Structures are given as structure tokens and as C-alpha cells.
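Descriptive analysis of the structure
For reference, the chains in residue letters:
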Amino acid sequence: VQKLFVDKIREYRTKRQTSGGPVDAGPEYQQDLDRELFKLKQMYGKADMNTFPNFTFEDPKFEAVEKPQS
Amino acid sequence: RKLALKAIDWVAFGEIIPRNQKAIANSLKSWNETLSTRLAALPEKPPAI
Amino acid sequence: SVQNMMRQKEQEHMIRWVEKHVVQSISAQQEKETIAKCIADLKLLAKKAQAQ
Amino acid sequence: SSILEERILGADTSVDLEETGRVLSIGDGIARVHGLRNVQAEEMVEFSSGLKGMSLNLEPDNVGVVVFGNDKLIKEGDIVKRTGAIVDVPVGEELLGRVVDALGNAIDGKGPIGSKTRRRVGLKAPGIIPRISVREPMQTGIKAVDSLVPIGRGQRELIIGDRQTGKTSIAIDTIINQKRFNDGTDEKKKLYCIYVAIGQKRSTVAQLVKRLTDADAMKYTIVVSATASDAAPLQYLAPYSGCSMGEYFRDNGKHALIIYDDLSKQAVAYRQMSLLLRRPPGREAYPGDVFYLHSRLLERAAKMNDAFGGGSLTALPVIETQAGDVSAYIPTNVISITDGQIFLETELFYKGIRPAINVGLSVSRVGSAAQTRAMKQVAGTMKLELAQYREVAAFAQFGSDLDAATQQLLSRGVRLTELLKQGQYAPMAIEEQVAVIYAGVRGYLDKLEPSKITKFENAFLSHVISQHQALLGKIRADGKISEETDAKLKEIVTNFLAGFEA
Amino acid sequence: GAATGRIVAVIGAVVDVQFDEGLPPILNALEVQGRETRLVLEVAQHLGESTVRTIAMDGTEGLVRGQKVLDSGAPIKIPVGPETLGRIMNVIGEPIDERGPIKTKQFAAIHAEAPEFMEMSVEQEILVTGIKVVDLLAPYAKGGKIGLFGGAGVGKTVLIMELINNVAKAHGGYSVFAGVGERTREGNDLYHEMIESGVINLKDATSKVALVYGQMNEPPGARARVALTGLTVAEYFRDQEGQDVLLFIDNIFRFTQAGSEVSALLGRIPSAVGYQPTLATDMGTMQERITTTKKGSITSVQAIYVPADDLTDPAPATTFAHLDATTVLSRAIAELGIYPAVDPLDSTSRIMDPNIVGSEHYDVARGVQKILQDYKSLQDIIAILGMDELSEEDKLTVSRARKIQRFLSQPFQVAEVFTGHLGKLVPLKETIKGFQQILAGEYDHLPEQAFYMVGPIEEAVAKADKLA
Ligand SMILES: Nc1ncnc2c1ncn2[C@@H]1O[C@H](COP(=O)(O)OP(=O)(O)OP(=O)(O)O)[C@@H](O)[C@H]1O
Ligand SMILES: Nc1ncnc2c1ncn2[C@@H]1O[C@H](COP(=O)(O)OP(=O)(O)O)[C@@H](O)[C@H]1O
Ligand SMILES: [Mg+2]
Ligand SMILES: [Mg+2]
């Protein structure tokens, strides 16, 4: 069916004329890609784009031992 | 690999014999065991970027 | 993990657009079907020839 | 995108005359097909919608066919085609590190598996000439298994017990523990593994691939998966397909291992599939040849001679039993195919012995006693010292006092019982096993308390891997524990016992 | 009007119907013309030469041969959406609350497939409930299936009325209840206890729970398909709205009991003790859709019945591979008075683990099973011989494991109306602390009548303070 071989490539080239993502999204693709974009961040964490690690650690304080001896 | 060795000091080190200060050494070796291998996995270097 | 998930949501929509549009394009034709029948005869004419 | 367009130009639209049988009925998976003259038995037939099926019964009027999939796209009056091949699955090393369904299509989504050779699921076990006896060991890393109930390479060993006792965990510490040989250097100490999931929900098999990928265990296994949602002819075909990827290894040189989890769910997929073909029921409505179902499976687990390649194929079938009764129909038919067993119980699991192995009953035809040379020294005496314990240590009510006579021997058991306990997903090595077992049988623990031996073990084990690495390398290399190697260990246990609790 | 058919044979609830052209595919719906109510037939088989065999959703009395039958074109569809909350439905999705129609924008078929492999979520947590037997020994998760096995008269629904009273109040998302084959006055006291307590709002759109009902008066083509109905209203609230939904099913055995009543008449040889040949493929197609996935999370709680108090029967004993937690109840426990009569030795989890439940909790867990097994392993000798022929160490796993059995019975909130005792909720951290003081041996002077039917551990010393 090479007449069908040409007819699924030629209506693939029409999909390669794109402006803003989906062609017939409407309220469908706008809600779904925003529902999924939250879920990759919801149970994952709150993370910005480029912020480095900012913290500070304190070690164990070295106490002394009192000892009258001999 | 910044890491220090030591001597074999487990036998009489709990026998420090303070004024009934048995807990002073019996807690001392207890900190000594966990801190040894845990700081060994710190001391050498960080992995590849 | 955001780069990969937006590729997956885009990939399935791109497939169904080519698929749901070809249903009406194959249905509308009326002259090329007569072209399609004579080659369907010639394939069957070719098919029985290699058997016997 | 360039990927969709290159997939559509590589597609081949070949057309030919089929051989074709009209459908007469479709209900509950069985499609009695009018027509189909020259069909074989066990041939794979292909429905119109993309489904696939296998023609089991031949008959003069109709042809019975069972479906690999779902029977709702199939209507009376459909078209059944002929492939021309008895049912075959792809095979190779290229399936390594994947999760696949029961016909070799990937359900992980990493893509198409590039496989080159195809092998039937109904091939024949090799006979009497091309085998040899069992020379090698297979290390599990469990300490109650490796010392007391050893398992050779090429020996069918049955893990049997109830639900939620340890049958899956026992066979997953075994998958993890071969990590140390697979990154080594010799090609004859490796062990490539295979897990077959029959009748399991996908929220257990997608969770076991997680446990097998943090420890990087998944780079040397395959997971053939037929979940509980699948068609009943897909849970029947799964162990015959998983066993046929095992025999790429064994028939080319290497050593494989295969776990059937479990084989009480490959039987109720045969009872249902062959009641709707109108075959008369036997006992408990099982068919006549459930013994022939399991026996033609568990005899491919060979150990070939060295003029064929010398490869091996171990097998570890799991069996779930009801209420711990071992005299049922499907248990006893598979006890008497396997060389040895591992009897997992429940009162061992709850009293505290975990892994809950009944070391009294866990018999094993020892596999030409390929335990290893050093473990024979310390677990030879352990086997007898534990057997001496079990005859005499079941009173729980004492009236008389014989500390010179009896209470010395039963103090050697509780030090060796509480030594045998283990954790989970942390399996040991064999020379780390010889060291910890040395300190138990040589009297070097009778002055402890039994509530401190599990604490004594990890402090001991961390001391020997850190400070004594060149010691343990002479046990693994030389095999045996030599007399000068007996000398060096005599101080280390006593030097550590001098400063253990302080 | 795709097709027209005439009834040919009628056996109970298995109506045969012959078409002339346009055979319906399997599991369509057929509409019987000439009745006062709606009668929908769902195609099951294809018996050869333009003849199907169907299973009917309502009663078949009054049908004659030749009576016309019309083809819908689609399976049983129900109206799904956010307006389904506070409404009661039946197997075909019609309002049986007499408050008028359900007006949604979309419709959902009853029959859909299962999720794939690569849409599973593995993340486990702990859902603290407030029951001591479940928090300590067998902790529930947040997103996993739970079963409550039990006979007849043990407590599988007083236990399910607690996990609503403790979890569905402090929940933030929605909720779905389903009744499959259990009695109808209990399905009326869930309407007049969720209206009074603000969960059903009759006047605006601030209601949380949905309801779906097919009870023990229906024909067995309805009980076999009512469980796939509440399972569909609890998937729109997962995949298309993205919430965290509960799901309470009672009872799920009647999906199977009423599937071996229409399997004899379809022409099938029976398997073991009387069940259908396909017992464990239809169960693995209903249970494989009740999942937590990457798009939402369903926290199932299913009550399961065991026939004639037998756990090796084929209908309960094939449900076990589909769970995460398990709460096997018992009869002989409940003859003593221990309520909730949970078997501490038969109940499991997959999150009881020292890295998940915390290594302090995991050692009070395994250490209290060890003392419980050792009381069971001497019941041969105590029953024949006596208590008085024991040692002194094993009169101290007997007296300590009778203080532990009694300290697993808790007064529930829903059971105040029975006995007149205040329902107690304990937190998690006050049970671990309260069992370490029975294992270490601090309360070995208090009697055993003081550990019984109390909440946190300070009531046990207070009940011991009363009797003197
Ligand atoms: N070595 C061990 N020590 C202590 N507990 C363990 C060990 N191995 C497994 N367990 C625990 O025992 C429980 C059951 O183990 P597992 O799931 O392997 O049993 P199973 O019989 O395979 O279950 P199923 O009956 O569902 O197949 C799990 O909760 C697991 O955490
Ligand atoms: N927690 C409890 N406290 C006291 N009595 C209970 C408790 N749970 C159940 N019961 C008793 O057991 C019976 C259980 O019946 P019910 O739970 O309604 O249905 P099922 O028969 O399915 O268990 C109740 O009527 C009640 O008398
Ligand atoms: Mg298992
Ligand atoms: Mg009830």
C-alpha cells in the first residue's frame, strides 16, 4: 500500500507546521500539561532554576574530662 | 586522603579508673566505634561531577 | 524530568493528529479508487502466477 | 520529529494468500474455528485485530483455539490466519536487564529488544550421555543455607512454605549476592539470573525492579512477567518461555539460574484453560497431566559434560502451600522431582529464626558435596553440634541440674542458633562466613550473653574487613583454612574478645 | 437501530436472543422493548449462527419468546463528574435518591482496561489510624490495598466504619463508597449519618463522598457488575481531576459468589468445591484497576468474607496476592472478648521494616510476636497437665503474654452506642512507649483485668488504681 505510504507522510508534514505547541488543544492540552507539570513537582519538592546549596554545619563540641589522679 | 591512624587502645582504656567514673570511659569507647568507619567514608574525596 | 515529560505528552498528540486526519482523506477520493482497483487486479494476476 | 517518519519508511507492506478459518463461537477465551485444514497442533494462529492464539485441540468438525490476550474484539464470523510456526519466543543475551512479557515484548519502554535467534517453548530435556555430576558451588550468602543445606550448580532445589514467610526474599538475596562475581575477572564464577513472575500484581513486580536496581542487580538479570491480569494461556506459557532463555546460557557455556514464583499459579491457569476446552476433570478438577506439566519443565535444569560446554542451569521453584500441609496434590508431585528442599515455616519466623528454615527437615542430596573446603571444616562440626542440640533441647520445664553434663552442649547451640540469623538484602561472602563461624564452634563465645551475639557480629565483621583484609584473602585464594591460618585467627578473636565490651 | 432481536430462550437470568444481521460485540448493551422499567441485556457469548447469550441486569419475569430486543451500540455507561457527590446510583447509573437527574458533561463506560507497567508508583508511607493492633504489628500505607478477612459476625464492618470515622474526616480529597451484596438497612444508615455530619450537603456543591449501591436483593447479573461501577466513579477523581481518593468496598466476596450462580447456565464444567472455572481471572481484572498510579492515589479498604470460617476456600485464598496489608480477624479470639478480634500472628504488611517504620518500632514489633508465639507453643501441655508443672522462666512468658493480648483491645468510636463506653484514639508514639513497659517488665505487679479495654497506657494503671 505505497499509496498509503505517501498519504501518512504528507499529513505528517502538515503537523510540522506548528506555532504554539498543540494544534487542537483548547482546554484539553492546557489543563493536562499543567496537571502533569505539578505532579513532577508536587511530591518531588520545591526547587528553583539555578540556586546553589546554602547551609552551614556545626561539629560536636569537644568537652574535657576532669580527673584527680595518682 | 586526610585520615589518621591510631594505636590498639581497647583493652585497658575502659579501665581508666576515675573516682567511680566508669561511665566516663564506657561512653568514651562507645563514641569511638561509630565515629571510626563513618569518618573513614568521609575522609578521602568527593565523587565525579 | 521536565524535559522528558513534555516530550511524552507532545508525542502522543502528534501521532493522533496524523492518524485522525487520514480517515477523511482516504474517504473522499473517487477517481483514484478506480486506479486502485486495476493494480489490485494486477497484484492478484501477479499472485497466482508465482504459485503455478 | 524524525523518529516517527523513519519508523514508517522501514515498514514492509507484504501481501500474500493466507490460510483462513471462519470463527463459529467465542466465549471465555475459546474460539472454535471452522476451516483451518492444514493446521498443526500447538501452532500459533493470528486473529484479525492483532491478537494471537494457539490451536490446541484438533477435531474433525472444529479446531479449539485459546487466545493470548482479550476476547472482546473477536466476533463470530471473524478471520483466523495461519503463521506456520509452533510457538516460539526470542532468545539471547540481548534481553539482559529488561522486563518482558510472556512472549518477549518489552514492558519497560526502553525500546525494541534487538534479538537474532528464536527458540521454542516446548523443547526437550537432554538425556543420559550429555550430563555430568555436580562439581561446583552456588553461593547464596545466607548462612543457614551455605553451611547446613548447600546447593550445587545444576541441582533443582525446592523452596516450599506458606504465604509471607520468606520465599521471595530468600530468592532475592541470591540475586543480589552474585554481584561480587559478576564484576570480577574469571568467566566461570559468574551466575546470570532470571525471575519469572506468575500471578503477581504489577505493584509487586514494579517494586522488585526497584530493589534490584539500587544495588545494581538488574544489569545481569531478565524478568519474564505474566501478571494476574493476563489471559490464562499467558500464565501457562510463562515458565516454558523463561526456561527457554535459560537454555541460551546452558547450551553455550555459561551458568544460569531461574526462579519460578510461583508454580502453584501455573497449575490453576492450566485447570481453567483446559476445562473450557471440554476436557474431563481429574482430582480437584485438575487435568490428567499436571505431573507431566511440571516434569517436562524441571528436567531441562541440566549440568552438561565438558565436551559440550560444561554449562549449568540451576532452578529454584517456589511453591505456596495451604496451612502448612505438604501432603496436598500439587506439592507432592513436585517434591519428588527436585533433589532437595528448603522447608520454610511460620513458627520459626515468629519465634525469631529469620530466615525461617527448618534445618532439621531441609534435606538435600548434597550435590557431590561441593560445599567448599574451608566451610567443610567449620560447618562439618557445626552440623553435628546442632544435630546434637535438637535431640535434647525441647523441654521448657526444668526440674534437675546437670551443668557438667547437659547444660554445656545446649549452650553451644543458642550461640550457633543466634549466629545463624540474618538481616535482609545484605548477603555476606564465604570467607566472611568462615571467620564468624570459626568464633562460634571453637568455644570463643560461651562467656557472652545470647542477647549480645547479634551485636557481637557486626562489630566483629567491621573489624576484620577494615584491619584484616590480607587475612581473608588467603582463605578465598587458598581455599582451605591452613594450620598457620588457624594460628593467626586464634589471636584475633581473643584480642577482640579482650576488648569487645568495655 | 443497528440491530433487532427476539428472545429465544429464558433460563433464570440468562436470556438467549437471536439477531438477524448486525451481531453485537461482547459486552455491549441491549434494550428490551415493551417493559415498564428499563431492562438492559449485556452480551456474554456468541453461540453460533447469529445467536448471542446475554446476562440481564434486572428481573426477567414476564418475558415471552419473540419479544423484541434493540441494540445500544456501547457498554453500560454512567454519568461521571463532580456532580456525582452526594448522589446514590445503581448498576446502570440512574439516580435512586429521588432528587432528580444527574447532569454531567461526560459519561464513563463500566469496562476499561488495566494500567500498564510503567504507570506504577512505588512510594510507600505510613497512614497512622489510631488503632493499636494496626499501628504496631501491621501498619497501613498511604496508597495501598487493605483487606479485612473475617467470617460471619466478627466485625468486618464496624472495623470499616472506624477507618471512615478516623481517615475520611481528616482527608482533604474526595471519597467513594460502594456496597456490593450487603444488606440495605446498613446502606440507609450511611445516608442518615453523612447528612447529619456534614459530609453530604443537600443544598449546594460542598459534598465529599459519592455512593454506589447494589444490595442483596438484586438478580445476580447486577451484583456481578455493581463493583465495576463505584470503581469507575473513583477513577475520574484520579485520572482526570487528580485527587487523592479513598475507596471503601463491602463486600467484595459477592462479586464472586454471584458469578458462580450464572456460570452454571452458560455451559461450563465446574472446577473445585463448586466455583466457576474462571475464578481467578475475573478477580485479577477487577483488582488490577484499583491502583495508586502516577496520576493519583486510591487507598483501598476492602472487606472480604470467608465461607463457613475457612481460609483455604478458593474465593478468599486467591485474594491474598492482591493486597499490601492484611487483617485476618478470628472467631475464637472474639469468644474471649478481644475486640477488634485481629489475629496478631496472621496479619502482615510490606512496610513493617526497620528502615521505614523506624528501628525502635520494628523491635517492639518483632519482639512482641516472639512472646506471643511462645504462649501458643505450650497450649498442649497447659491444657492437659496444668500451669503448675512449668519452669520459672516459662511462667513469665505466660503471664506477660496475657497482659499483651488484653492490651490490644480498644474501645471504638462507632461502638459507643452498643456498650456505653467512650471511644478512644491513641497516637502512634504512645503505643510503642506503652508496650516497652510490658516487655521490660515494669508492670508485672498489676493484674490483667487492668490492661483490658483501655486506650493509652496511663488508663491501665488508673484502672488498676480503681480496684484495690
Ligand atoms: N531475612 C529476613 N528477616 C526478617 N524478615 C524478613 C526477611 N526476609 C523477609 N522478611 C519479611 O517477611 C515478609 C514476607 O516476605 P516475602 O514477601 O518474601 O514472603 P512471601 O511468602 O514471598 O510473600 P507472598 O506470600 O506474598 O509471596 C516481608 O514483610 C519481609 O519484609
Ligand atoms: N469493636 C467492637 N466492639 C464491640 N463489639 C463489636 C465490635 N466489632 C464488632 N462487634 C460485634 O460484632 C458484630 C459484627 O457484625 P458487623 O461488623 O455488623 O458485620 P459482620 O457480620 O460483617 O462482621 C456487631 O454487631 C457487634 O455486636
Ligand atoms: Mg512470594
Ligand atoms: Mg457486615
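The record lists cryo-EM as the method behind this PDB entry and 3.34 Å as its resolution.

The name given to chain E in the PDB entry is ATP synthase subunit beta, and the organism recorded there is Sus scrofa. Listed as the entry title in the PDB record is "Cryo-EM structure of the mammalian DP-state ATP synthase". Per UniProt, chain E has the following entry under Catalytic activity (unreviewed entry): "ATP + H2O + 4 H(+)(in) = ADP + phosphate + 5 H(+)(out)".

The PDB entry lists chain D under the name ATP synthase subunit alpha, mitochondrial, with Sus scrofa given as the organism. Its UniProt record, at the heading Sequence similarities, says of chain D: "Belongs to the ATPase alpha/beta chains family."

A few words now on the site of ligand 1. Residues and elements named next belong to chain D. Neighbouring ligand 1 are 14 residues, the closest being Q164, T168, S169, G423 and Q424. A distance of 2.3 Å is found between an oxygen atom of ligand 1 and a side-chain nitrogen or oxygen belonging to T168. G423 is positioned with one of its backbone polar atoms (N or O) 2.5 Å from a nitrogen atom of ligand 1. In the complex, the protein chains occlude 81% of the 630 Å² of accessible area that ligand 1 would expose alone. Partitioning the shell around ligand 1 into residue classes produces one nonpolar, eight polar and five charged.

Here we take up helix α14 (residues 431-441) of chain D. All names here are of chain D. When you tally the buried positions in α14, you get 10 out of 11 residues, the bulk of the element. For α14, the set of buried residues is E431, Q433, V434, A435, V436, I437, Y438, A439, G440 and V441. Phi turns positive, to about 70 degrees, at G443, one or two residues after α14.

On to a positive patch on the surface. A cluster of basic residues, A:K3, A:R10, A:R13 and C:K32, forms a positive patch on the protein surface. Here the positive patch takes three residues from helix α1 (residues 2-13) of chain A, the largest share from any one element.

All names here are of chain E. Split by domain assignment, chain E resolves into domain 1 (1-75), domain 2 (76-351) and domain 3 (352-468). Summarising the inter-unit geometry, the C-alpha centres of domain 1 and domain 2 are found 30 Å apart. With 16 residues of domain 1 in contact, the opposing surface of domain 2 contributes 12 residues. When domain 1 packs against domain 2, close to 1500 Å² is buried across both sides, 68% of that on carbon and sulfur atoms. Among the residues of domain 1 in contact with domain 2, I55, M57 and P75 are the three that bury the most area, contributing 36% of the side total. Inspection of the domain 1/domain 2 interface yields two salt bridges. Between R38 and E94 there is a salt bridge, with the nearest N and O atoms lying 3.6 Å from each other. At the junction of domain 1 with domain 2, the criterion picks out four residue pairs in polar contact. Breaking the side of domain 1 that touches domain 2 down by element, the ones donating at least two residues are β4 (40-43) and β5 (52-56). Residue contributions to the side of domain 1 that touches domain 2 peak at three residues, all from β5. Looking at the side of domain 1 that touches domain 2 residue by residue, the classes come out as 10 nonpolar, two polar and four charged.

Conventions we followed
Residues numbered from 1 in each chain as written, not as in the entry; some residues may be left out. Chains lettered and ligands numbered in written order. Part of a larger assembly, values for the part shown. Heavy atoms only, no water. Residues with missing side-chain atoms left out of burial classes, pairs and counts. UniProt positions renumbered as here; feature names shortened; annotations may be inferred. Near = heavy atom within 4 Å. Polar contact = N/O pair within 3.5 Å; in protein donor to acceptor, adjacent residues only side chain to side chain. Areas by Shrake-Rupley, 256 points an atom, 1.4 Å probe, with all protein chains shown as cover. Nonpolar A, V, L, I, M, F, W, Y, C, P; charged D, E, K, R; others polar. Buried < 20%, exposed > 50% of the residue type's maximum accessible area, 1.4 Å probe, protein only. Helix = DSSP H or I, 4+ residues; strand = E, 2+ residues; numbered from the N terminus. Patch = residues over 30% accessible without salt bridge, like charges linked within 9 Å, V, L, I, M, F, W, Y side chains within 5 Å. Salt bridge = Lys/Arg side-chain N within 4 Å of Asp/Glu carboxyl O. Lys, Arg positive; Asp, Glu negative; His and termini not counted. Charge placed at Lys NZ, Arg CZ, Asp CG, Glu CD. Domains from an automatic or database assignment. Contact = heavy atoms within 4.5 Å. Buried area = accessible area lost by both parts, 1.4 Å probe.

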